[PDB]
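The structure under discussion appears below in the form of structure tokens.
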There are 2 protein chains.
Amino acid sequence: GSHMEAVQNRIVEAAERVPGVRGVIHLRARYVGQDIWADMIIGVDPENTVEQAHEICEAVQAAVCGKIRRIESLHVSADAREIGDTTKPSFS
Amino acid sequence: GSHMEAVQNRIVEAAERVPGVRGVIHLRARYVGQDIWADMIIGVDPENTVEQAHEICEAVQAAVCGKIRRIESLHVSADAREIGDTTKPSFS
Ligand SMILES: [Mn+2]
Ligand SMILES: [Mn+2]
């Protein structure tokens with residue numbers, strides 16, 4: 001429950017379907033009227049290049065924005081996630 | 001002018017003194033009472049590994065939080081910045 005949790009879960013689930021995303025580390029989303037502005041950090045393979053992380057972020061942004069129309073702006077950026085890492089996304 | 005712009009500029013200037021930071025791509029900062037909560041994306045060498053980007057983010061977080069005491073929480077994450085890129089940081 002919480003419609004905002006459901007929206008945040010949609011964002012996370014869309015992002016986690018994009019190849020190269022190991023998980024979503026952090027998501028902050030807020031309304032400006034009907035539109036959402038959001039900042040998301042995705043976890044990526046540590047051995048990737050930063051150029052590769054960059055292309056994954058761009059793919060995440062395209063996929064999320066294409067699926068969640070009320071999102072007017074989404075910044076996607078990257079950090080290392082090791083593969084033994086089950087840390088659930090942090091929100092708020 | 002704008003005391004919030006000055007705080008944001010302090011954050012950017014502290015971060016840009018950390019080795020490996022090519023620039024600050026994006027900064028979002030808000031007050032909860034007297035404390036600041038902030039999300040920052042730093043630009044990093046594209047040929048770096050994501051593990052290296054990660055260690056730069058961690059160094060940025062330590063340096064910024066150590067210099068700006070009112071910051072209670074700072075998420076630092078990374079993206080590619082090419083070196084011909086003079087793009088000024090985006091705020092708000
Ligand atoms: Mn690019
Ligand atoms: Mn680490």
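Starting from 1 in every chain, residues are counted up; chains themselves are A, B, ... following the order of the structure tokens, and ligands are numbered from 1 as listed.
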With only C-alpha atoms and all ligand atoms counted, collect every polymer residue having an atom within 9 Å of ligand 2; state the result as a list in words. residues 80, 81 and 82 of chain A; 51, 54, 55 and 58 of chain B
Can you pull out every residue from chain B that DSSP, working from the backbone, puts in alpha helix (DSSP H), and format the result as a VMD selection string? chain B and resid 3 to 16 50 to 67
Check every residue of chain A for an atom within 9 Å of chain B, counting only C-alpha atoms, and provide those that qualify as a PDB file with N, CA, C and O atoms, in the first residue's frame.
ATOM      1  N   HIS A  26      19.006   3.502  -5.195  1.00  0.00           N
ATOM      2  CA  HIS A  26      18.295   4.609  -4.557  1.00  0.00           C
ATOM      3  C   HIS A  26      17.361   5.235  -5.542  1.00  0.00           C
ATOM      4  O   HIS A  26      17.719   5.370  -6.707  1.00  0.00           O
ATOM      5  N   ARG A  28      14.531   8.634  -5.590  1.00  0.00           N
ATOM      6  CA  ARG A  28      13.823   9.796  -5.007  1.00  0.00           C
ATOM      7  C   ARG A  28      12.904  10.328  -6.099  1.00  0.00           C
ATOM      8  O   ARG A  28      13.342  10.567  -7.213  1.00  0.00           O
ATOM      9  N   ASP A  39      15.122  11.003  -9.394  1.00  0.00           N
ATOM     10  CA  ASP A  39      16.575  10.781  -9.387  1.00  0.00           C
ATOM     11  C   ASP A  39      16.704   9.304  -8.944  1.00  0.00           C
ATOM     12  O   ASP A  39      16.140   8.891  -7.915  1.00  0.00           O
ATOM     13  N   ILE A  41      19.657   6.007  -8.724  1.00  0.00           N
ATOM     14  CA  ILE A  41      20.968   5.436  -8.845  1.00  0.00           C
ATOM     15  C   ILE A  41      20.786   3.944  -9.039  1.00  0.00           C
ATOM     16  O   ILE A  41      20.176   3.275  -8.207  1.00  0.00           O
ATOM     17  N   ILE A  42      21.331   3.446 -10.154  1.00  0.00           N
ATOM     18  CA  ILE A  42      21.373   2.015 -10.471  1.00  0.00           C
ATOM     19  C   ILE A  42      22.731   1.391 -10.103  1.00  0.00           C
ATOM     20  O   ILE A  42      23.775   2.053 -10.188  1.00  0.00           O
ATOM     21  N   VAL A  44      25.536  -1.306 -10.955  1.00  0.00           N
ATOM     22  CA  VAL A  44      26.135  -1.827 -12.223  1.00  0.00           C
ATOM     23  C   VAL A  44      27.391  -2.678 -11.855  1.00  0.00           C
ATOM     24  O   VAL A  44      28.007  -2.534 -10.771  1.00  0.00           O
ATOM     25  N   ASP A  45      27.725  -3.594 -12.759  1.00  0.00           N
ATOM     26  CA  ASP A  45      28.916  -4.433 -12.649  1.00  0.00           C
ATOM     27  C   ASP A  45      30.144  -3.565 -12.436  1.00  0.00           C
ATOM     28  O   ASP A  45      30.429  -2.715 -13.234  1.00  0.00           O
ATOM     29  N   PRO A  46      30.861  -3.787 -11.333  1.00  0.00           N
ATOM     30  CA  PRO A  46      32.029  -2.994 -11.008  1.00  0.00           C
ATOM     31  C   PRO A  46      33.117  -3.009 -12.043  1.00  0.00           C
ATOM     32  O   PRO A  46      33.857  -2.034 -12.169  1.00  0.00           O
ATOM     33  N   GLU A  47      33.235  -4.113 -12.756  1.00  0.00           N
ATOM     34  CA  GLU A  47      34.255  -4.255 -13.813  1.00  0.00           C
ATOM     35  C   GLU A  47      33.816  -3.552 -15.107  1.00  0.00           C
ATOM     36  O   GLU A  47      34.603  -3.440 -16.004  1.00  0.00           O
ATOM     37  N   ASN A  48      32.559  -3.113 -15.217  1.00  0.00           N
ATOM     38  CA  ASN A  48      32.185  -2.277 -16.369  1.00  0.00           C
ATOM     39  C   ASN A  48      33.003  -1.014 -16.399  1.00  0.00           C
ATOM     40  O   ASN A  48      33.492  -0.536 -15.367  1.00  0.00           O
ATOM     41  N   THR A  49      33.115  -0.472 -17.599  1.00  0.00           N
ATOM     42  CA  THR A  49      33.661   0.871 -17.721  1.00  0.00           C
ATOM     43  C   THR A  49      32.532   1.864 -17.316  1.00  0.00           C
ATOM     44  O   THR A  49      31.315   1.544 -17.340  1.00  0.00           O
ATOM     45  N   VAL A  50      32.951   3.064 -16.960  1.00  0.00           N
ATOM     46  CA  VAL A  50      32.022   4.184 -16.723  1.00  0.00           C
ATOM     47  C   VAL A  50      31.272   4.514 -17.993  1.00  0.00           C
ATOM     48  O   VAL A  50      30.094   4.827 -17.914  1.00  0.00           O
ATOM     49  N   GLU A  51      31.921   4.408 -19.174  1.00  0.00           N
ATOM     50  CA  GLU A  51      31.189   4.528 -20.453  1.00  0.00           C
ATOM     51  C   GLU A  51      30.081   3.498 -20.573  1.00  0.00           C
ATOM     52  O   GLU A  51      29.003   3.817 -21.017  1.00  0.00           O
ATOM     53  N   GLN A  52      30.327   2.275 -20.165  1.00  0.00           N
ATOM     54  CA  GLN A  52      29.260   1.260 -20.164  1.00  0.00           C
ATOM     55  C   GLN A  52      28.149   1.549 -19.172  1.00  0.00           C
ATOM     56  O   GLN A  52      26.969   1.428 -19.510  1.00  0.00           O
ATOM     57  N   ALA A  53      28.521   1.960 -17.962  1.00  0.00           N
ATOM     58  CA  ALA A  53      27.530   2.384 -16.969  1.00  0.00           C
ATOM     59  C   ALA A  53      26.637   3.490 -17.575  1.00  0.00           C
ATOM     60  O   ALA A  53      25.402   3.471 -17.467  1.00  0.00           O
ATOM     61  N   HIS A  54      27.288   4.405 -18.277  1.00  0.00           N
ATOM     62  CA  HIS A  54      26.588   5.506 -18.907  1.00  0.00           C
ATOM     63  C   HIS A  54      25.514   5.080 -19.922  1.00  0.00           C
ATOM     64  O   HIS A  54      24.400   5.627 -19.972  1.00  0.00           O
ATOM     65  N   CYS A  57      22.636   3.570 -18.005  1.00  0.00           N
ATOM     66  CA  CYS A  57      21.791   4.678 -17.472  1.00  0.00           C
ATOM     67  C   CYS A  57      20.877   5.288 -18.525  1.00  0.00           C
ATOM     68  O   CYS A  57      19.673   5.520 -18.269  1.00  0.00           O
ATOM     69  N   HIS A  75      16.681  11.496 -13.772  1.00  0.00           N
ATOM     70  CA  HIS A  75      18.127  11.413 -13.823  1.00  0.00           C
ATOM     71  C   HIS A  75      18.486  10.043 -13.376  1.00  0.00           C
ATOM     72  O   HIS A  75      18.085   9.584 -12.319  1.00  0.00           O
ATOM     73  N   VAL A  76      19.212   9.340 -14.220  1.00  0.00           N
ATOM     74  CA  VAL A  76      19.761   8.030 -13.890  1.00  0.00           C
ATOM     75  C   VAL A  76      21.304   8.095 -13.878  1.00  0.00           C
ATOM     76  O   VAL A  76      21.964   8.613 -14.842  1.00  0.00           O
ATOM     77  N   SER A  77      21.877   7.556 -12.790  1.00  0.00           N
ATOM     78  CA  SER A  77      23.302   7.551 -12.606  1.00  0.00           C
ATOM     79  C   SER A  77      23.678   6.247 -11.982  1.00  0.00           C
ATOM     80  O   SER A  77      22.806   5.471 -11.611  1.00  0.00           O
ATOM     81  N   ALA A  78      24.968   6.007 -11.848  1.00  0.00           N
ATOM     82  CA  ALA A  78      25.437   4.632 -11.547  1.00  0.00           C
ATOM     83  C   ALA A  78      26.408   4.545 -10.387  1.00  0.00           C
ATOM     84  O   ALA A  78      27.086   5.541 -10.011  1.00  0.00           O
ATOM     85  N   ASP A  79      26.385   3.368  -9.774  1.00  0.00           N
ATOM     86  CA  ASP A  79      27.337   3.018  -8.763  1.00  0.00           C
ATOM     87  C   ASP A  79      27.568   1.505  -8.897  1.00  0.00           C
ATOM     88  O   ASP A  79      26.878   0.825  -9.653  1.00  0.00           O
ATOM     89  N   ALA A  80      28.600   1.025  -8.232  1.00  0.00           N
ATOM     90  CA  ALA A  80      29.012  -0.365  -8.203  1.00  0.00           C
ATOM     91  C   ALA A  80      28.029  -1.170  -7.385  1.00  0.00           C
ATOM     92  O   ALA A  80      27.601  -0.706  -6.332  1.00  0.00           O
ATOM     93  N   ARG A  81      27.610  -2.314  -7.893  1.00  0.00           N
ATOM     94  CA  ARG A  81      26.918  -3.254  -7.033  1.00  0.00           C
ATOM     95  C   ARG A  81      27.518  -4.572  -7.222  1.00  0.00           C
ATOM     96  O   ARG A  81      27.509  -5.092  -8.323  1.00  0.00           O
TER      97      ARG A  81
END
Nearest candidate to residue 65 of chain A (options A:83, A:23, A:30, A:14; using only C-alpha atoms):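 Looking at the shortest contact to residue 65 of chain A, the residue is A:14.
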Apply DSSP to the backbone of this structure and, from chain A, keep only the residues in strand (DSSP E); write these as a count of residues only. 30
Would you please work out which residue, of A:91, A:85, A:56, A:73, is nearest to ligand 1 when using only C-alpha atoms and all ligand atoms?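 Checking each candidate against ligand 1, we get A:56 as the closest.
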Contacts of residue 37 of chain B within 8 Å, only C-alpha atoms, excl. fewer than 6 positions in-chain, as an MDAnalysis selection string: chainID B and resid 29:31 71:74
Can you tell me how far atom CA of residue 21 of chain A sits from atom CA of residue 36 of chain A, in Å to one decimal?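 According to the coordinates, atom CA of residue 21 of chain A and atom CA of residue 36 of chain A are separated by 21.8 Å.
With only C-alpha atoms and all ligand atoms as the basis for measurement, A:59 is the residue among A:24, A:8, A:59, A:84 that approaches ligand 1 most closely.
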